[PDB]
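For reference, the structure discussed in these notes is given below.
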Amino acid sequence: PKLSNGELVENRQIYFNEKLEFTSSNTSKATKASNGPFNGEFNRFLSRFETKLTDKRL
Amino acid sequence: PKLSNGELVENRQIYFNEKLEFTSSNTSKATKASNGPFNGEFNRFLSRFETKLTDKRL
Amino acid sequence: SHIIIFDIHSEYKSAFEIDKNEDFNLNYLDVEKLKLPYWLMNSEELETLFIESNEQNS
């Protein structure tokens, strides 16, 4: 996985340290990348998780 | 099948030796890849399988 | 004697509370601030707490 600045993710555990911004998928070799199977798939789950974290009853 | 590092699965027998991680699908012919016939559609069965395997009362 | 009561109408509280001079301690617990850890949950409990049945990519 490639970040926005071009950093290659050697270990995914670094995702726990902070939120990482990835590069845009493209076909040209200058910025060649491809969206993963989980990319743009659980946005509703992310919103629900954020709502749960900000609840005032749990 | 293609490995994460680009190696191709010459023989499926290696699946029995150890677990392997595969790269994501891409459209360009340089690193072309695609999802399998059954990709990412049954893994809760794997979850209950692992739960059964790790039980110590059986 | 050891009894646990899972009451939901909270009717029985007055039936199990006498004067404090009789040395009859009670363990009336308010679950609003019972501090149940969320790291004691298993697969199904966690996925029910966070994920909902609306999503089809569970």
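We name chains A, B, ... following the order of the structure tokens; residues begin at 1 in each chain, and ligands are numbered from 1 as shown.
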Transformed chain B, reference chain A, full Cα set in order, as a PDB file with N, CA and C atoms, in the first residue's frame:
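Generated file (part-v8.pdb):
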```pdb
ATOM      1  N   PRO B   1       0.730  -1.026   0.220  1.00  0.00           N
ATOM      2  CA  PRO B   1      -0.072   0.201   0.138  1.00  0.00           C
ATOM      3  C   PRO B   1       0.802   1.445   0.050  1.00  0.00           C
ATOM      4  N   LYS B   2       0.327   2.423  -0.715  1.00  0.00           N
ATOM      5  CA  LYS B   2       1.060   3.652  -0.989  1.00  0.00           C
ATOM      6  C   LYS B   2       0.394   4.829  -0.289  1.00  0.00           C
ATOM      7  N   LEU B   3       1.207   5.670   0.344  1.00  0.00           N
ATOM      8  CA  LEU B   3       0.699   6.856   1.015  1.00  0.00           C
ATOM      9  C   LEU B   3       0.369   7.947  -0.003  1.00  0.00           C
ATOM     10  N   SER B   4      -0.200   9.044   0.501  1.00  0.00           N
ATOM     11  CA  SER B   4      -0.539  10.169  -0.366  1.00  0.00           C
ATOM     12  C   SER B   4       0.713  10.841  -0.917  1.00  0.00           C
ATOM     13  N   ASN B   5       1.771  10.924  -0.113  1.00  0.00           N
ATOM     14  CA  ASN B   5       3.002  11.586  -0.524  1.00  0.00           C
ATOM     15  C   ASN B   5       3.938  10.678  -1.313  1.00  0.00           C
ATOM     16  N   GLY B   6       3.566   9.419  -1.532  1.00  0.00           N
ATOM     17  CA  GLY B   6       4.376   8.486  -2.290  1.00  0.00           C
ATOM     18  C   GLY B   6       5.063   7.422  -1.464  1.00  0.00           C
ATOM     19  N   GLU B   7       5.070   7.550  -0.139  1.00  0.00           N
ATOM     20  CA  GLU B   7       5.687   6.540   0.707  1.00  0.00           C
ATOM     21  C   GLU B   7       4.877   5.249   0.670  1.00  0.00           C
ATOM     22  N   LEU B   8       5.576   4.119   0.736  1.00  0.00           N
ATOM     23  CA  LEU B   8       4.944   2.808   0.733  1.00  0.00           C
ATOM     24  C   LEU B   8       4.784   2.295   2.158  1.00  0.00           C
ATOM     25  N   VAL B   9       3.701   1.552   2.385  1.00  0.00           N
ATOM     26  CA  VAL B   9       3.396   0.995   3.702  1.00  0.00           C
ATOM     27  C   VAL B   9       4.216  -0.285   3.850  1.00  0.00           C
ATOM     28  N   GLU B  10       5.388  -0.173   4.479  1.00  0.00           N
ATOM     29  CA  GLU B  10       6.231  -1.345   4.686  1.00  0.00           C
ATOM     30  C   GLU B  10       5.570  -2.343   5.629  1.00  0.00           C
ATOM     31  N   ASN B  11       4.972  -1.858   6.714  1.00  0.00           N
ATOM     32  CA  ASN B  11       4.311  -2.706   7.696  1.00  0.00           C
ATOM     33  C   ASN B  11       2.897  -2.195   7.924  1.00  0.00           C
ATOM     34  N   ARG B  12       1.929  -3.115   7.926  1.00  0.00           N
ATOM     35  CA  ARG B  12       0.537  -2.744   8.147  1.00  0.00           C
ATOM     36  C   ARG B  12       0.282  -2.279   9.576  1.00  0.00           C
ATOM     37  N   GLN B  13       1.213  -2.557  10.495  1.00  0.00           N
ATOM     38  CA  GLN B  13       1.035  -2.192  11.897  1.00  0.00           C
ATOM     39  C   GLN B  13       0.806  -0.695  12.071  1.00  0.00           C
ATOM     40  N   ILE B  14       1.347   0.123  11.164  1.00  0.00           N
ATOM     41  CA  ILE B  14       1.193   1.571  11.283  1.00  0.00           C
ATOM     42  C   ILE B  14      -0.275   1.969  11.235  1.00  0.00           C
ATOM     43  N   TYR B  15      -1.118   1.154  10.589  1.00  0.00           N
ATOM     44  CA  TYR B  15      -2.548   1.445  10.560  1.00  0.00           C
ATOM     45  C   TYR B  15      -3.123   1.567  11.963  1.00  0.00           C
ATOM     46  N   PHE B  16      -2.590   0.802  12.917  1.00  0.00           N
ATOM     47  CA  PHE B  16      -3.085   0.880  14.284  1.00  0.00           C
ATOM     48  C   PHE B  16      -2.614   2.142  14.994  1.00  0.00           C
ATOM     49  N   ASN B  17      -1.470   2.701  14.591  1.00  0.00           N
ATOM     50  CA  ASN B  17      -0.938   3.865  15.293  1.00  0.00           C
ATOM     51  C   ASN B  17      -1.753   5.118  14.997  1.00  0.00           C
ATOM     52  N   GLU B  18      -2.080   5.353  13.728  1.00  0.00           N
ATOM     53  CA  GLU B  18      -2.793   6.568  13.355  1.00  0.00           C
ATOM     54  C   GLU B  18      -3.449   6.374  11.997  1.00  0.00           C
ATOM     55  N   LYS B  19      -4.386   7.268  11.691  1.00  0.00           N
ATOM     56  CA  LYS B  19      -5.060   7.260  10.400  1.00  0.00           C
ATOM     57  C   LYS B  19      -4.135   7.797   9.316  1.00  0.00           C
ATOM     58  N   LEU B  20      -4.228   7.210   8.125  1.00  0.00           N
ATOM     59  CA  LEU B  20      -3.400   7.600   6.994  1.00  0.00           C
ATOM     60  C   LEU B  20      -4.269   7.803   5.761  1.00  0.00           C
ATOM     61  N   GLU B  21      -3.878   8.769   4.935  1.00  0.00           N
ATOM     62  CA  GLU B  21      -4.560   9.076   3.686  1.00  0.00           C
ATOM     63  C   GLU B  21      -3.701   8.611   2.520  1.00  0.00           C
ATOM     64  N   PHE B  22      -4.319   7.915   1.570  1.00  0.00           N
ATOM     65  CA  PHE B  22      -3.613   7.322   0.444  1.00  0.00           C
ATOM     66  C   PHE B  22      -3.937   8.073  -0.842  1.00  0.00           C
ATOM     67  N   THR B  23      -3.001   8.026  -1.785  1.00  0.00           N
ATOM     68  CA  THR B  23      -3.157   8.704  -3.061  1.00  0.00           C
ATOM     69  C   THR B  23      -4.122   7.938  -3.967  1.00  0.00           C
ATOM     70  N   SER B  24      -4.568   8.613  -5.023  1.00  0.00           N
ATOM     71  CA  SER B  24      -5.504   8.028  -5.968  1.00  0.00           C
ATOM     72  C   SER B  24      -4.791   7.065  -6.915  1.00  0.00           C
ATOM     73  N   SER B  25      -5.581   6.208  -7.554  1.00  0.00           N
ATOM     74  CA  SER B  25      -5.037   5.230  -8.484  1.00  0.00           C
ATOM     75  C   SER B  25      -4.635   5.893  -9.797  1.00  0.00           C
ATOM     76  N   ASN B  26      -3.542   5.407 -10.383  1.00  0.00           N
ATOM     77  CA  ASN B  26      -3.053   5.904 -11.660  1.00  0.00           C
ATOM     78  C   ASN B  26      -2.517   4.734 -12.474  1.00  0.00           C
ATOM     79  N   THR B  27      -2.574   4.873 -13.799  1.00  0.00           N
ATOM     80  CA  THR B  27      -2.168   3.801 -14.700  1.00  0.00           C
ATOM     81  C   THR B  27      -0.689   3.846 -15.060  1.00  0.00           C
ATOM     82  N   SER B  28      -0.107   5.037 -15.179  1.00  0.00           N
ATOM     83  CA  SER B  28       1.295   5.152 -15.562  1.00  0.00           C
ATOM     84  C   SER B  28       2.198   4.560 -14.487  1.00  0.00           C
ATOM     85  N   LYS B  29       3.259   3.879 -14.927  1.00  0.00           N
ATOM     86  CA  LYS B  29       4.142   3.172 -14.005  1.00  0.00           C
ATOM     87  C   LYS B  29       4.895   4.109 -13.067  1.00  0.00           C
ATOM     88  N   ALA B  30       5.020   5.391 -13.419  1.00  0.00           N
ATOM     89  CA  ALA B  30       5.743   6.325 -12.559  1.00  0.00           C
ATOM     90  C   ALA B  30       5.048   6.489 -11.212  1.00  0.00           C
ATOM     91  N   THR B  31       3.720   6.560 -11.214  1.00  0.00           N
ATOM     92  CA  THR B  31       2.915   6.683 -10.001  1.00  0.00           C
ATOM     93  C   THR B  31       1.752   5.700 -10.039  1.00  0.00           C
ATOM     94  N   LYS B  32       2.047   4.453 -10.395  1.00  0.00           N
ATOM     95  CA  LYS B  32       1.004   3.449 -10.556  1.00  0.00           C
ATOM     96  C   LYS B  32       0.357   3.106  -9.220  1.00  0.00           C
ATOM     97  N   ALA B  33      -0.968   2.997  -9.232  1.00  0.00           N
ATOM     98  CA  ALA B  33      -1.729   2.633  -8.046  1.00  0.00           C
ATOM     99  C   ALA B  33      -3.061   2.046  -8.488  1.00  0.00           C
ATOM    100  N   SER B  34      -3.704   1.331  -7.568  1.00  0.00           N
ATOM    101  CA  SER B  34      -4.965   0.669  -7.864  1.00  0.00           C
ATOM    102  C   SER B  34      -5.791   0.568  -6.590  1.00  0.00           C
ATOM    103  N   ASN B  35      -7.089   0.350  -6.771  1.00  0.00           N
ATOM    104  CA  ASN B  35      -7.985   0.176  -5.638  1.00  0.00           C
ATOM    105  C   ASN B  35      -7.744  -1.171  -4.965  1.00  0.00           C
ATOM    106  N   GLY B  36      -8.010  -1.218  -3.661  1.00  0.00           N
ATOM    107  CA  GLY B  36      -7.842  -2.434  -2.905  1.00  0.00           C
ATOM    108  C   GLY B  36      -8.977  -3.408  -3.131  1.00  0.00           C
ATOM    109  N   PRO B  37      -8.873  -4.571  -2.481  1.00  0.00           N
ATOM    110  CA  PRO B  37      -9.949  -5.570  -2.599  1.00  0.00           C
ATOM    111  C   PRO B  37     -11.301  -5.055  -2.138  1.00  0.00           C
ATOM    112  N   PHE B  38     -11.332  -4.201  -1.115  1.00  0.00           N
ATOM    113  CA  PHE B  38     -12.573  -3.600  -0.616  1.00  0.00           C
ATOM    114  C   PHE B  38     -12.290  -2.115  -0.395  1.00  0.00           C
ATOM    115  N   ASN B  39     -12.534  -1.310  -1.427  1.00  0.00           N
ATOM    116  CA  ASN B  39     -12.248   0.120  -1.399  1.00  0.00           C
ATOM    117  C   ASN B  39     -13.542   0.897  -1.584  1.00  0.00           C
ATOM    118  N   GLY B  40     -13.881   1.719  -0.596  1.00  0.00           N
ATOM    119  CA  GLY B  40     -15.037   2.596  -0.699  1.00  0.00           C
ATOM    120  C   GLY B  40     -16.355   1.882  -0.896  1.00  0.00           C
ATOM    121  N   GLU B  41     -16.559   0.761  -0.204  1.00  0.00           N
ATOM    122  CA  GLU B  41     -17.811   0.022  -0.307  1.00  0.00           C
ATOM    123  C   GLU B  41     -18.525  -0.191   1.019  1.00  0.00           C
ATOM    124  N   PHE B  42     -17.866   0.010   2.162  1.00  0.00           N
ATOM    125  CA  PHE B  42     -18.549  -0.026   3.456  1.00  0.00           C
ATOM    126  C   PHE B  42     -17.953   1.068   4.338  1.00  0.00           C
ATOM    127  N   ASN B  43     -18.691   2.170   4.484  1.00  0.00           N
ATOM    128  CA  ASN B  43     -18.340   3.224   5.425  1.00  0.00           C
ATOM    129  C   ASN B  43     -19.522   3.731   6.238  1.00  0.00           C
ATOM    130  N   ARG B  44     -20.756   3.382   5.867  1.00  0.00           N
ATOM    131  CA  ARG B  44     -21.899   3.663   6.727  1.00  0.00           C
ATOM    132  C   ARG B  44     -21.782   2.916   8.049  1.00  0.00           C
ATOM    133  N   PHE B  45     -21.193   1.718   8.018  1.00  0.00           N
ATOM    134  CA  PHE B  45     -20.860   1.020   9.253  1.00  0.00           C
ATOM    135  C   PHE B  45     -19.903   1.850  10.095  1.00  0.00           C
ATOM    136  N   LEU B  46     -18.934   2.508   9.453  1.00  0.00           N
ATOM    137  CA  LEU B  46     -18.052   3.416  10.179  1.00  0.00           C
ATOM    138  C   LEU B  46     -18.831   4.586  10.767  1.00  0.00           C
ATOM    139  N   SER B  47     -19.836   5.081  10.039  1.00  0.00           N
ATOM    140  CA  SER B  47     -20.640   6.190  10.541  1.00  0.00           C
ATOM    141  C   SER B  47     -21.390   5.795  11.808  1.00  0.00           C
ATOM    142  N   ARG B  48     -22.062   4.640  11.785  1.00  0.00           N
ATOM    143  CA  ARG B  48     -22.768   4.210  12.989  1.00  0.00           C
ATOM    144  C   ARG B  48     -21.796   3.832  14.102  1.00  0.00           C
ATOM    145  N   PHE B  49     -20.600   3.352  13.750  1.00  0.00           N
ATOM    146  CA  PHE B  49     -19.576   3.087  14.754  1.00  0.00           C
ATOM    147  C   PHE B  49     -19.180   4.367  15.479  1.00  0.00           C
ATOM    148  N   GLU B  50     -18.934   5.437  14.721  1.00  0.00           N
ATOM    149  CA  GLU B  50     -18.585   6.716  15.329  1.00  0.00           C
ATOM    150  C   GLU B  50     -19.740   7.259  16.159  1.00  0.00           C
ATOM    151  N   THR B  51     -20.972   7.100  15.667  1.00  0.00           N
ATOM    152  CA  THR B  51     -22.135   7.545  16.429  1.00  0.00           C
ATOM    153  C   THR B  51     -22.231   6.814  17.763  1.00  0.00           C
ATOM    154  N   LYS B  52     -21.984   5.502  17.760  1.00  0.00           N
ATOM    155  CA  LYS B  52     -21.985   4.741  19.006  1.00  0.00           C
ATOM    156  C   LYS B  52     -20.855   5.183  19.930  1.00  0.00           C
ATOM    157  N   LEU B  53     -19.669   5.442  19.371  1.00  0.00           N
ATOM    158  CA  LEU B  53     -18.531   5.830  20.201  1.00  0.00           C
ATOM    159  C   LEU B  53     -18.749   7.185  20.864  1.00  0.00           C
ATOM    160  N   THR B  54     -19.343   8.136  20.146  1.00  0.00           N
ATOM    161  CA  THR B  54     -19.501   9.486  20.678  1.00  0.00           C
ATOM    162  C   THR B  54     -20.715   9.641  21.586  1.00  0.00           C
ATOM    163  N   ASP B  55     -21.525   8.599  21.757  1.00  0.00           N
ATOM    164  CA  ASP B  55     -22.677   8.687  22.644  1.00  0.00           C
ATOM    165  C   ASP B  55     -22.226   8.784  24.097  1.00  0.00           C
ATOM    166  N   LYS B  56     -22.913   9.627  24.868  1.00  0.00           N
ATOM    167  CA  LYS B  56     -22.569   9.859  26.264  1.00  0.00           C
ATOM    168  C   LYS B  56     -23.548   9.224  27.241  1.00  0.00           C
ATOM    169  N   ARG B  57     -24.595   8.564  26.756  1.00  0.00           N
ATOM    170  CA  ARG B  57     -25.526   7.858  27.625  1.00  0.00           C
ATOM    171  C   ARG B  57     -25.155   6.394  27.812  1.00  0.00           C
ATOM    172  N   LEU B  58     -24.037   5.954  27.241  1.00  0.00           N
ATOM    173  CA  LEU B  58     -23.533   4.595  27.380  1.00  0.00           C
ATOM    174  C   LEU B  58     -22.155   4.597  28.029  1.00  0.00           C
TER     175      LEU B  58
END
```
Could you list, as number ranges by chain, the residues of chain C having an atom within 9 Å of chain B when counting only C-alpha atoms? C: 43, 57-58
Residue with smallest distance to residue 16 of chain C - pool C:50, C:38, C:3, C:33, counting only C-alpha atoms: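 Of C:50, C:38, C:3, C:33, the one nearest residue 16 of chain C is C:3, counting only C-alpha atoms.
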How many Å separate atom CA of residue 41 of chain C from atom CA of residue 53 of chain C?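 Separation between atom CA of residue 41 of chain C and atom CA of residue 53 of chain C: 18.3 Å.
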What gap, in Å, lies between atom CA of residue 22 of chain C and atom CA of residue 10 of chain C?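 It comes out at 22.9 Å.
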